[PDB]
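Here the sequence shown is numbered in the deposited numbering, starting from 1 and rising by one per residue. Notes follow once the structure below has been shown.
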Amino acid sequence: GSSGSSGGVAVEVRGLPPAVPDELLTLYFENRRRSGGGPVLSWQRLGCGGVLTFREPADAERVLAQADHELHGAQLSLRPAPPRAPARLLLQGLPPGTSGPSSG
């Protein structure tokens, strides 16, 4: 069960050289010809990689689909990032939700 705001679509990027600017990193992913995704919401460059966010979920997958990724002479290892969203609450319990077939 979900309710409220929650993280969007993020993909964990691994094996990315610094010699390559984020600009390209996105340009590539954004390129439907090179990859086949769409617009990127945001990008978070980390040490040897960084977590990337794909505007669309399917699009994000459209890229992951490819186990191969090249950007400025280099092998980028894309993977499905883990879950994570902002929320600091603790509501003990859950809402209802039942169902059943019908008869005549």
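Using N, Cα and C, we set each Cβ at its ideal position, and we do this for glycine too.
Round the Cβ separation of residue i and residue j to the nearest angstrom and send it over; I've been treating them as touching at under 8 Å.
i: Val-9; j: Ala-60; result: 4 Å
i: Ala-74; j: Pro-21; result: The pair is not a contact, with the Cβ atoms about 12 Å apart (cut-off 8 Å).
i: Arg-55; j: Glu-12; result: Actually they do not touch by this definition, with Cβ atoms about 17 Å apart.
i: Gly-1; j: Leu-94; result: 6 Å
What is the DSSP secondary structure of residue i, reduced to helix, strand or coil?
i: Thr-53; result: strand
i: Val-63; result: helix
i: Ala-58; result: helix
i: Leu-24; result: helix
Return the chain-ordered list of same chain residues with a C-beta closer than 7 Å to the C-beta of residue i, the five sequence neighbours on each side being excluded.
i: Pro-39; result: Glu-30 and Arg-55
i: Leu-71; result: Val-20, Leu-24, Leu-25 and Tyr-28
i: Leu-41; result: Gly-8, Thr-53, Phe-54 and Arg-55
i: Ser-99; result: none
i: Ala-81; result: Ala-10, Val-11, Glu-12 and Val-51
Let's test the definition: count the other Cβ atoms within 10 Å of the Cβ of residue i and tell me whether it reaches 16, buried, or not, exposed.
i: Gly-104; result: exposed
i: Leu-89; result: exposed
i: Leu-91; result: exposed
For residue i, which residues from the same chain have a beta carbon less than 8 Å from its beta carbon, with the 5 sequence-adjacent residues on both sides left out?
i: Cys-48; result: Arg-14, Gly-15 and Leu-16
i: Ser-35; result: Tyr-28, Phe-29, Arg-62, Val-63, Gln-66 and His-69
i: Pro-101; result: none
Excluding the 5 residues preceding and the 5 following residue i in the sequence, name in chain order all residues of the same chain whose CB lies nearer than 6 Å to its CB.
i: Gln-44; result: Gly-50 and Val-51
i: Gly-37; result: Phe-29, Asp-59, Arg-62 and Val-63
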